[PDB]
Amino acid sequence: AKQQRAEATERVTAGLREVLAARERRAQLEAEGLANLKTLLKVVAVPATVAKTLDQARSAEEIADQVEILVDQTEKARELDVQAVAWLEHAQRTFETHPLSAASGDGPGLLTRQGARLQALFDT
């Protein structure tokens, strides 16, 4: 009867030893995995935004969060773009007719020199 109680106290201690050991090993490997994830992600050029923060990321989760941030920034850039173009075609039209800027006998409109690159923005 006593034999089974001694054997049990030991199966627990060995169990802890095995659990602690398996954890320390999984940790070290996951670290390697995180290091290599970062390497893999860098194969294609990394936006400056996240690059300087990507390396400091302490888990894959932090990298994913950093991705979300970039996606958010990228959405907001596109709607500024939507405003910016809306205002620029408005600003162009305004400049074409206004006496302080319009194409007179005294030379072209103030925005004629920029007429080229403006039409680029509008179509695309």
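When you see a residue number, it is the position in the sequence shown, counting from 1.
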Inset, instruction - Could you check which stretch, 6-14 or 96-104, carries the larger mean CA temperature factor in the entry? - result: 6-14
Inset, instruction - For the higher mean C-alpha B factor in the entry, choose 37-45 or 72-80. - result: 72-80
Inset, instruction - Consider only the C-alpha atoms of the modelled residues in this chain, order them by B-factor as the entry records it, and name the third containing residue 21: lowest, middle or highest. - result: lowest
Inset, instruction - Please rank the C-alpha B-factors of the chain's modelled residues and tell me whether residue 62 sits in the lowest, middle or highest third. - result: middle
